[PDB]
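What follows is a set of notes on a single structure, which appears directly below.
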Amino acid sequence: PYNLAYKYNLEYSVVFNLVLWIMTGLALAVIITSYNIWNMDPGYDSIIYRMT
Amino acid sequence: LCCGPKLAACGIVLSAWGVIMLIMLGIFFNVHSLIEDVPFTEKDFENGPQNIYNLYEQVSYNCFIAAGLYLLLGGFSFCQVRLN
Amino acid sequence: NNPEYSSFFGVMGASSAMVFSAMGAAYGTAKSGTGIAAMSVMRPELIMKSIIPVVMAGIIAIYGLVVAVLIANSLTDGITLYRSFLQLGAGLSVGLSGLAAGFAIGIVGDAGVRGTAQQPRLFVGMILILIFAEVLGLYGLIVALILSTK
Amino acid sequence: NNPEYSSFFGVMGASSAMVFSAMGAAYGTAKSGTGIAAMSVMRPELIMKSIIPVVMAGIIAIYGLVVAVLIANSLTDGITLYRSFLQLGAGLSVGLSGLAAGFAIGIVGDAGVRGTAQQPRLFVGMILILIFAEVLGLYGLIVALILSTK
Amino acid sequence: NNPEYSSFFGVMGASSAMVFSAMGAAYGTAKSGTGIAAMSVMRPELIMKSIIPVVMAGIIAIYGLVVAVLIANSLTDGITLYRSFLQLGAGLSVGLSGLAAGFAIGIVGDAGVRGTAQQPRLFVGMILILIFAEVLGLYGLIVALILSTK
Amino acid sequence: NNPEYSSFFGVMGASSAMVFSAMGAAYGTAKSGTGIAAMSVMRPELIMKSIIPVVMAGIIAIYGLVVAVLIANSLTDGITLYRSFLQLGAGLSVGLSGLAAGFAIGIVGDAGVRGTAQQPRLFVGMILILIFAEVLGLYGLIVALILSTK
Amino acid sequence: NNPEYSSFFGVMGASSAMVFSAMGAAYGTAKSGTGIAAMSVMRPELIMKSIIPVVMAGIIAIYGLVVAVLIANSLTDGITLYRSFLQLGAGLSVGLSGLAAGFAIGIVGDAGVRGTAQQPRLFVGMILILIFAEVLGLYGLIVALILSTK
Amino acid sequence: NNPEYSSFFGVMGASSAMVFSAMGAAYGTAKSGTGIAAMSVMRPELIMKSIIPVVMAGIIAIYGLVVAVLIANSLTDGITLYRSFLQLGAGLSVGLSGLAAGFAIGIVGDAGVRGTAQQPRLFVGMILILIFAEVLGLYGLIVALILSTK
Amino acid sequence: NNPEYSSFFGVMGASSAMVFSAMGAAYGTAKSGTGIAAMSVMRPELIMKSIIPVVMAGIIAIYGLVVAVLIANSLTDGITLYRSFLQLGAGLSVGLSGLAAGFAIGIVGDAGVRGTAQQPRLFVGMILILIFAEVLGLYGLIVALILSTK
Amino acid sequence: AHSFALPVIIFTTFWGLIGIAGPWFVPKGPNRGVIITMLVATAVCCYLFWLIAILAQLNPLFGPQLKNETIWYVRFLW
Amino acid sequence: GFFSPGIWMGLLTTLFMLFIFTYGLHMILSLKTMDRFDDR
Amino acid sequence: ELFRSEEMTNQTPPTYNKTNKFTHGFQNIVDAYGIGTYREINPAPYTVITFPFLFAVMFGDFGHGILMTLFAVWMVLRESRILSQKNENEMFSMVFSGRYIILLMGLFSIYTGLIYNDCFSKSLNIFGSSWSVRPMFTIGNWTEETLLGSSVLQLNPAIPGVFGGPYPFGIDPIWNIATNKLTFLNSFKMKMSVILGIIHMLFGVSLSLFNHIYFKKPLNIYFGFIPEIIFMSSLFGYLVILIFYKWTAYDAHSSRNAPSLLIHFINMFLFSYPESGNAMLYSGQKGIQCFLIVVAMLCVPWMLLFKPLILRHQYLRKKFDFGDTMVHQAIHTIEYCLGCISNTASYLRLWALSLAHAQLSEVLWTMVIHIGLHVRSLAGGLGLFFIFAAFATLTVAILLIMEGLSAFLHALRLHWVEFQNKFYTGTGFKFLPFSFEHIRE
């Protein structure tokens, strides 16, 4: 219809800026936390030397 | 052939289970000519309910054929265990 | 009158639940299986009991299925956005919580299975530890159920 | 009058409260479990005392569960955004604070349990240290509750 | 009537299902082959039985093949957009879930075959654990089938 | 007349203060607890003196609780934004400063506690040094209190 | 009527197909050559037969060559966009799937050839495993072909 | 007439001045305390003298406190931006400068304390080098203060 | 009607064809030369018949040169964009495919020459393997030739 | 068509007699205590589960969503 | 639009000070204590 | 009269439970968790039914119930030949030793599968399916809907005046062919899991009363049992009542703004009573919800600190580590209250696995055996043979083994964690008399 615009969010830059960096920081926090847990060091001692 | 009685014994169990399931399934298709409701109907479906009954009859026949093969399988596997 | 592509977020929810849950369960299984393979060489008689970490870990994938389906059951075109975010949050909640639980189960399973062969008295302690790790996956489900139905 | 997308913030809060606190408890439990296995093989008589770090870890996850539910039960479509922001902050406050508590609980549990194996007098000091980590988790809960009801 | 680019999401789905599942199967196969090659030195009699982990990987790849075809056959030019997103969700769900399964298959297969070489009684335990991982991949298929048909 | 979404920054402040302070106290606690477990295994008579590092870490956490609450009780819906930036500054100032203090407490605690057992005359020096770390945490609180009411 | 740039996605498909498939074959070739060189010192006999993993790698590259040509032949200026996206999907599907297959061929061939030098009975097992990886590559081709003509 | 957000840059200056200086002093203290703990075991008579590196680290923190407060007391609502960036510059100027000085104090102090125990004639040299480090932090303060009124 | 952003895509094709192919040939040359130098210590009589991996590397560079020239000769001002994307695809296709071949040439050359030194029977095998890598590079040229004239 | 009352009567009597009268007709052997425990526990567990299944289907809020071919098939089947 | 003069200027200054924080924290994290003490 | 250990003749005696060929296996899976306190209430007589029942709920599939039952029967029928032999494979020995446990699991799996009305994802229509009368559907303003139907579903309305009536036994078969099975039956399983879990938990608590009576600990019932059972009842039994209430209180006539039980449950705990937005289940509910939560909170002091206070009173009246006793009792209360919340949710395992099994079965059916059917006669018959064999193989490999194992373990885990921990406390020693048992060895 008449090549009308779809109303591309007034104040878009605000929602956009907020959501982008909020989800990026939170996503990274999860990635880093997951990394640290993924590679948890059990000590590789006590019984591990014998089981290996 | 012997093939090992452990594997012939498995065939007997599969064959017996199959014959039971295939006969019962074929009956269900023949009676409710249904819950499964998957006889591969035509897309060009006309106002002919009798066409659905005929499809199920075909499915039922196929079920008894498969059972026949399991009956033959059970026979062969049975003699293997007895000879082994 | 609803926003366009409002299902986009809800669809990611249903998928994210299954995807992260599979990641968690896969990690738990992989670590538990490694401990079992090393352990059972010395005491094969424990190979049956030692499976528990793996069996319990499977619950995470189940939780993913449960939520992923629960969300999928509520996906339509005319979604008011609000409900879509709720579905996305529920999907992530159970998925990432199941991921955390998967890590917990795997790490303790490896140590538990190896320790049990060294000391069978560890069995009771191993079970208790595994439970708490599983509870974490349960908590994920609880939030997803409350949120996805709000 | 309500800005669409507003619910996104609060919804991420409800999830974050559970997800981050779950990772904390997952670390705490997993790290303690390894230390427990080491102790128990050396001496199983303490197996029912070295479990405490794990119970504490679970309580942290509960802190997050409580907030996640409070936020989820506080979501609406006609959200005023202000409350949505408070919900996001509240969820993160308890989630990330519990996350820090989870690491604190795990590290000291492993060290304390392994030490206790050699020195039974270490038990009391271990508990006191564990108490500080549980308190660290609670502080997050307190702030999150203040914000979510503000 | 719908937005241009509406088909893009569905196309990514069909590709995602196949590619991620192949990645998982390839990983599982590579790790299994490595352990088997070494295992053959101790016990060549197990060369035939030890193939199973590799078959498990293969099935993961099929899961992906099935969904990728279903999406490709279902995707049209005049797509409803809503359905396009579901196809992407289904594609990612099965693909990434199969990918996780793939790692579990590889790690468990390698550790299992190596442990089996030392102790043949572990063979049955290896197979059981592998069954759980293959089922975890199937979990992905189930959700994908629900989404792609909704 | 007041800008929209103005509350966001102040809310992040309240949460940041608590989270970063908990991170600091958590690190300091974990590092001290490790040193305590390693130290007091040989000299349990010091177990009730080596706890202090941990208490000071807890003070870092309180600093954060005091500001996080002070900020939360200062928030409303119609915030002039100016006030929010002030709240964000106060939140970060105490939070990140406490975090730095946490590292100082942790590193000095571990080194001091183990050293103290080797040389009991070190105890007083350890406390004095840890006192500077608590002062570093307080400086952050001082600025945060100045900003939060500005 | 379609965007003048709509042809971009298709040609990226044709390129991606060839580039990723060649990368897979190149990796598999490099890994096999390394293992073969070491094996060849141990014993001449197997040099001839040990080439096979490299041939399989080559087939992966052909898989990609076939799709890249099919896309290039079908790609036009007045493209339907829909078809272009399909070509991008087909390109990525075969390319990335072949890439995954290339790693499987590489790792399995290397381990297989090195093992076979010690146990000639492994040769048959090695081929069977490599067969599954070639089949995984074919799967990528199948989907790409379906998408290319769809 | 005031560009909105004008207050945002200023308050970050106060934050940076305190946070970065605290980080520097915290590191400086941590290194000094570690060196003191290692040294003091063998030569406890040097404990009192060895504290100096820690005090200077503390002074670095004070410079930051001075600027952070000076900026905080200089904030208003109708900030003309020009003033805001001046305050941000002053904050960063003392922050990074104090941060760098804290590192120099920590690293040098650690070596100095250890060296002094081995050779007391180095004590004066330790102090001289460390004074320079503090003078660098002072520099940061001096310019940061000058800029605050320009 | 020609879009002014097209002469860039085109020329980047010609550049990519040369640059990536030179990178591949350079890598293959660097690795082959290193292996040759080490080989020459024991078997100097093989020096001349060990250059082949380097010649092959050069052929990869030519593959790129030829396409880069063909595109460069085809570049004009009034480009219909379609042609530009074909030039970009053709450039990347041959360049990146040659790059992949360069790694295969390099790794196989190094391992092959070092092996040949001890097992002269490896030489035919080294050549067969390296022939496959050159064929992989040619595949890139084939697609580029198809695209550049389409 | 069905009523709810009759199912309840028939299955409550069935499981009731088992859990109520069953223990009256038990051997005097060493397993008497075990047999009675099983009889009652079984009747309670089984009855409860069924009772839930039937009650959950009363006063339904919505019916099923059936496919068009399925709807047709049923029209001419039942 | 995606960005405003306000938002952007904020991000530009934020990154510079974020890099400073990253630098400081980096060296703080890469900070170890002693394995053992020298002597009695 | 509860089963307890046998009397022994001032040191801790061993725990002796007399078992036989049937009950021995059940006692062992109890002992695997721990040996009960001397004269503790033996959970095994209730495990015999409780555990297989919970399994059947998790494994409620008629067709697999048959397979599972037949396996157990085979083992028993060959008992004499398998037992009087060597069985070096511990996996076969293990399932053999549990053959009587499995037998029951099969028998209950059949019972539950029939109520679930799922036999390999197939329903069992007894010609009693009267959910709706399609002829009357068309009367209700549905004329030639099968024209648009070609592209749509159309949901069958409630309360059209011509539909209704419960299915005599189990879930009406009609839902097995619906596209929304996954909501109608999913809700049932969720609510059922809660109902069964909470009721079972209350039983576990009730048992603790008999034990506290046996050991003459008035304090453990005046400050323990009573506030503990009230606490759990007031929170979780209330929920159970409301679930049944809704099913019988509201019809489709009130489907719009029909109360949501989950939201009222949360609002209950929080004393959240909005003026509007949520309809109440019944008049006066607000007063009841508030009362019950207050009571639950008032239950805490009793179990929390009143016991150590009276012990301190009696101690000083007679004149005992008061501090440690207060801490121990506080821990009990904390774990009890938080456990009640977590334990109730734990029983979501029943739903979670039941759902998974049905979904794995459905996909195995749909993506395998469906392919065995074809419009071509001979090709269909021959293919169905080979396809079924694959279907049979996967059916066992995935469901009969693996999921059966998951259901076994999770049902057992519920037994150990939620049930036993309400009454089965403490430890004892295993009774190891001198006897000539090792005849076969």
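Chain lettering (A, B, ...) mirrors the order of the structure tokens, residue numbering begins at 1 for each chain separately, and ligand numbering begins at 1 in order of display.
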Give the alpha helix (DSSP H) residues of range 15-124 of chain F, as DSSP finds them on the backbone, and put them as a short mmCIF file (atom, residue, chain, number, x, y, z; two decimals) with C-alpha atoms, in the first residue's frame.
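Below is the file result_2.cif, written as the result:
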data_model
loop_
_atom_site.label_atom_id
_atom_site.label_comp_id
_atom_site.auth_asym_id
_atom_site.auth_seq_id
_atom_site.Cartn_x
_atom_site.Cartn_y
_atom_site.Cartn_z
CA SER F 15 22.83 -4.30 41.41
CA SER F 16 26.42 -3.52 40.44
CA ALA F 17 27.29 -2.45 43.97
CA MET F 18 26.09 -5.72 45.47
CA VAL F 19 27.44 -8.00 42.75
CA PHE F 20 30.95 -6.59 42.49
CA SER F 21 31.28 -6.38 46.26
CA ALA F 22 30.14 -9.99 46.56
CA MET F 23 32.67 -10.91 43.89
CA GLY F 24 35.40 -9.18 45.87
CA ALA F 25 34.43 -10.72 49.19
CA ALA F 26 33.96 -14.08 47.50
CA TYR F 27 37.46 -14.02 46.02
CA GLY F 28 39.03 -12.84 49.26
CA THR F 29 37.14 -15.50 51.20
CA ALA F 30 38.06 -18.31 48.82
CA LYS F 31 41.75 -17.42 48.78
CA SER F 32 41.92 -17.10 52.56
CA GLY F 33 40.01 -20.34 53.08
CA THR F 34 42.50 -22.20 50.91
CA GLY F 35 45.40 -20.81 52.91
CA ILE F 36 43.60 -21.61 56.15
CA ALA F 37 42.96 -25.22 55.17
CA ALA F 38 46.56 -25.60 54.04
CA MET F 39 47.95 -23.82 57.10
CA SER F 40 45.87 -24.95 60.06
CA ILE F 52 40.10 -12.64 60.23
CA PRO F 53 41.04 -12.16 56.45
CA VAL F 54 37.64 -13.76 55.79
CA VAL F 55 35.82 -11.41 58.14
CA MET F 56 37.36 -8.38 56.42
CA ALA F 57 36.25 -9.84 53.07
CA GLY F 58 32.76 -9.92 54.57
CA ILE F 59 33.04 -6.20 55.37
CA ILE F 60 33.70 -5.56 51.64
CA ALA F 61 30.39 -7.32 51.02
CA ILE F 62 28.58 -5.16 53.57
CA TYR F 63 29.89 -1.95 51.97
CA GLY F 64 28.14 -3.20 48.85
CA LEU F 65 24.94 -4.07 50.67
CA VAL F 66 24.74 -0.64 52.28
CA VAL F 67 25.09 1.21 48.99
CA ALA F 68 22.95 -1.20 46.96
CA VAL F 69 20.13 -0.64 49.44
CA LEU F 70 20.79 3.09 49.64
CA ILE F 71 20.48 3.28 45.86
CA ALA F 72 17.37 1.10 45.65
CA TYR F 82 20.79 13.14 36.28
CA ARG F 83 20.06 11.39 39.57
CA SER F 84 20.38 8.02 37.85
CA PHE F 85 23.83 8.73 36.56
CA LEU F 86 24.78 9.75 40.09
CA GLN F 87 23.33 6.48 41.38
CA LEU F 88 25.24 4.49 38.76
CA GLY F 89 28.49 6.19 39.70
CA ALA F 90 27.96 5.49 43.39
CA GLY F 91 27.12 1.88 42.63
CA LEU F 92 30.16 1.22 40.48
CA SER F 93 32.49 3.25 42.69
CA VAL F 94 31.94 1.06 45.74
CA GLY F 95 31.42 -2.15 43.79
CA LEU F 96 34.56 -2.11 41.68
CA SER F 97 36.62 -0.60 44.50
CA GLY F 98 35.48 -3.37 46.81
CA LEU F 99 36.38 -5.83 44.08
CA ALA F 100 39.93 -4.48 44.04
CA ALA F 101 39.94 -4.66 47.83
CA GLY F 102 38.82 -8.27 47.58
CA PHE F 103 41.92 -9.21 45.60
CA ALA F 104 44.13 -7.39 48.10
CA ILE F 105 42.47 -9.26 51.00
CA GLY F 106 42.67 -12.60 49.19
CA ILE F 107 46.30 -12.46 48.13
CA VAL F 108 47.52 -11.03 51.41
CA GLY F 109 45.32 -13.39 53.40
CA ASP F 110 46.68 -16.53 51.76
CA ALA F 111 50.28 -15.38 51.93
CA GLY F 112 49.93 -14.01 55.44
CA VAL F 113 48.08 -16.93 57.00
CA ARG F 114 50.49 -19.58 55.73
CA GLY F 115 53.43 -17.37 56.59
CA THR F 116 52.08 -16.76 60.06
CA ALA F 117 52.23 -20.46 60.92
CA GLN F 118 55.83 -20.47 59.75
CA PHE F 123 50.44 -12.11 62.53
CA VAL F 124 50.39 -8.42 63.43
#
Distance of CA of residue 97 in chain L from CA of residue 28 in chain L, expressed in Å to one decimal place
10.1 Å
Using only C-alpha atoms, determine which residues lie at most 10 Å from residue 63 in chain B, disregarding the query and same-chain residues fewer than 2 positions distant; provide the list as a ChimeraX atom specification.
/B:19,21-27,29,57-61,65-68 /L:372-373,377,380-382,384-385
Just to be explicit: take each residue in the selection above, keep C-alpha atoms, and write the result as an mmCIF file, in the first residue's frame.
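Now in result.cif:
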data_model
loop_
_atom_site.group_PDB
_atom_site.id
_atom_site.type_symbol
_atom_site.label_atom_id
_atom_site.label_comp_id
_atom_site.auth_asym_id
_atom_site.auth_seq_id
_atom_site.Cartn_x
_atom_site.Cartn_y
_atom_site.Cartn_z
ATOM 1 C CA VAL B 19 3.757 -62.835 14.130
ATOM 2 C CA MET B 21 1.918 -58.014 16.316
ATOM 3 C CA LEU B 22 1.409 -58.368 12.540
ATOM 4 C CA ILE B 23 -1.673 -60.574 12.864
ATOM 5 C CA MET B 24 -3.258 -58.317 15.474
ATOM 6 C CA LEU B 25 -2.447 -55.195 13.457
ATOM 7 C CA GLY B 26 -3.884 -56.636 10.265
ATOM 8 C CA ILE B 27 -7.080 -57.478 12.105
ATOM 9 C CA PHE B 29 -7.087 -52.541 9.953
ATOM 10 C CA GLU B 57 -8.170 -53.970 3.271
ATOM 11 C CA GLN B 58 -4.976 -53.613 1.240
ATOM 12 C CA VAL B 59 -3.031 -52.641 4.356
ATOM 13 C CA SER B 60 -4.409 -55.649 6.228
ATOM 14 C CA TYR B 61 -3.351 -58.057 3.479
ATOM 15 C CA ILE B 65 2.209 -61.242 4.313
ATOM 16 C CA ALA B 66 4.807 -59.878 6.732
ATOM 17 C CA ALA B 67 3.564 -62.324 9.362
ATOM 18 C CA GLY B 68 4.072 -65.171 6.912
ATOM 19 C CA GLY L 372 6.538 -50.256 6.267
ATOM 20 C CA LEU L 373 3.092 -49.519 4.888
ATOM 21 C CA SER L 377 0.747 -54.773 -2.234
ATOM 22 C CA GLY L 380 4.331 -53.416 1.251
ATOM 23 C CA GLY L 381 4.216 -56.954 2.575
ATOM 24 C CA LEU L 382 7.892 -57.664 1.990
ATOM 25 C CA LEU L 384 6.931 -54.318 6.279
ATOM 26 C CA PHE L 385 8.763 -57.489 7.283
#
Which of these, L:46, L:142, L:356, L:52, has the shortest distance to residue 140 in chain E once you count only C-alpha atoms?
L:356
Do me a favour and pick out the residues of chain J within 10 Å of chain B, using only C-alpha atoms, as a ChimeraX atom specification.
/J:69-70,72-77
Only N, CA and C atoms, please: the residues just picked out, written as a PDB file, in the first residue's frame.
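Saved to again-v1.pdb:
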ATOM      1  N   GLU J  69      -9.080 -34.895   7.014  1.00  0.00           N
ATOM      2  CA  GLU J  69      -9.358 -36.252   6.561  1.00  0.00           C
ATOM      3  C   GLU J  69      -9.817 -37.118   7.727  1.00  0.00           C
ATOM      4  N   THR J  70      -9.212 -36.912   8.899  1.00  0.00           N
ATOM      5  CA  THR J  70      -9.645 -37.626  10.091  1.00  0.00           C
ATOM      6  C   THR J  70     -11.095 -37.314  10.417  1.00  0.00           C
ATOM      7  N   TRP J  72     -13.515 -36.313   8.431  1.00  0.00           N
ATOM      8  CA  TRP J  72     -14.328 -36.996   7.432  1.00  0.00           C
ATOM      9  C   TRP J  72     -14.461 -38.475   7.759  1.00  0.00           C
ATOM     10  N   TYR J  73     -13.327 -39.130   8.003  1.00  0.00           N
ATOM     11  CA  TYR J  73     -13.323 -40.562   8.270  1.00  0.00           C
ATOM     12  C   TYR J  73     -14.242 -40.898   9.435  1.00  0.00           C
ATOM     13  N   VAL J  74     -14.143 -40.133  10.522  1.00  0.00           N
ATOM     14  CA  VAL J  74     -14.994 -40.383  11.676  1.00  0.00           C
ATOM     15  C   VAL J  74     -16.458 -40.163  11.343  1.00  0.00           C
ATOM     16  N   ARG J  75     -16.784 -39.091  10.623  1.00  0.00           N
ATOM     17  CA  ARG J  75     -18.181 -38.846  10.293  1.00  0.00           C
ATOM     18  C   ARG J  75     -18.823 -40.096   9.721  1.00  0.00           C
ATOM     19  N   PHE J  76     -18.100 -40.811   8.868  1.00  0.00           N
ATOM     20  CA  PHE J  76     -18.666 -41.985   8.217  1.00  0.00           C
ATOM     21  C   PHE J  76     -18.247 -43.288   8.883  1.00  0.00           C
ATOM     22  N   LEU J  77     -17.646 -43.216  10.067  1.00  0.00           N
ATOM     23  CA  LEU J  77     -17.241 -44.401  10.813  1.00  0.00           C
ATOM     24  C   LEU J  77     -18.053 -44.608  12.087  1.00  0.00           C
TER      25      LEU J  77
END
Looking at J:44, J:17, J:61, J:5, which one is nearest to chain L, with distances taken over only C-alpha atoms?
J:61
Show me, as JSON, numbers by chain, the residues that have an atom within 8 Å of residue 47 in chain J when counting only C-alpha atoms, minus same-chain residues fewer than 4 positions from it.
{"J": [11, 12, 15, 43, 51]}
Distance query residue 81 in chain C at most 8 Å, only C-alpha atoms, self and fewer than 4 positions along chain excluded, as a count of residues only:
5
Tell me which protein, DNA and RNA residues are within 10 Å of residue 4 in chain K, counting only C-alpha atoms, leaving out same-chain ones fewer than 2 positions away, and put them as a list in words.
residues 11, 12, 13, 14 and 17 of chain A; 1, 2, 6, 7, 8, 9 and 10 of chain K
Could you turn the residues from that selection into a file that holds N, CA, C and O atoms, as a tab-separated table (two decimals), in the first residue's frame?
chain	number	residue	atom	x	y	z
A	11	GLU	N	12.74	6.08	18.76
A	11	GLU	CA	13.62	5.78	19.91
A	11	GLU	C	14.24	4.40	19.73
A	11	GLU	O	14.73	3.85	20.72
A	12	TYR	N	14.18	3.87	18.51
A	12	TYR	CA	14.87	2.60	18.27
A	12	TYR	C	16.26	2.57	18.88
A	12	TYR	O	16.65	1.55	19.47
A	13	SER	N	17.03	3.65	18.74
A	13	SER	CA	18.43	3.62	19.16
A	13	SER	C	18.55	3.30	20.64
A	13	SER	O	19.58	2.80	21.11
A	14	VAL	N	17.50	3.60	21.40
A	14	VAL	CA	17.54	3.36	22.84
A	14	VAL	C	17.31	1.89	23.12
A	14	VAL	O	18.06	1.26	23.89
A	17	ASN	N	20.26	-0.06	21.68
A	17	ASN	CA	21.53	0.03	22.39
A	17	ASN	C	21.47	-0.77	23.68
A	17	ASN	O	22.40	-1.54	24.00
K	1	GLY	N	16.99	5.71	13.65
K	1	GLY	CA	18.40	5.37	13.58
K	1	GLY	C	18.89	4.43	14.66
K	1	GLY	O	18.23	4.25	15.70
K	2	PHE	N	20.04	3.81	14.42
K	2	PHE	CA	20.57	2.80	15.34
K	2	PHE	C	21.25	3.44	16.53
K	2	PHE	O	21.19	2.89	17.64
K	6	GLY	N	24.41	11.13	21.56
K	6	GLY	CA	24.58	10.80	22.98
K	6	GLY	C	25.05	9.38	23.16
K	6	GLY	O	26.09	9.19	23.81
K	7	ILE	N	24.28	8.44	22.64
K	7	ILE	CA	24.65	7.05	22.89
K	7	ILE	C	26.08	6.81	22.43
K	7	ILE	O	26.88	6.24	23.18
K	8	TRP	N	26.41	7.24	21.22
K	8	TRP	CA	27.69	6.90	20.62
K	8	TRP	C	28.83	7.47	21.46
K	8	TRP	O	29.79	6.77	21.80
K	9	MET	N	28.68	8.73	21.84
K	9	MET	CA	29.79	9.38	22.57
K	9	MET	C	29.98	8.61	23.87
K	9	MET	O	31.13	8.40	24.28
K	10	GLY	N	28.87	8.17	24.46
K	10	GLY	CA	28.98	7.37	25.67
K	10	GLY	C	29.76	6.10	25.43
K	10	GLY	O	30.67	5.77	26.18
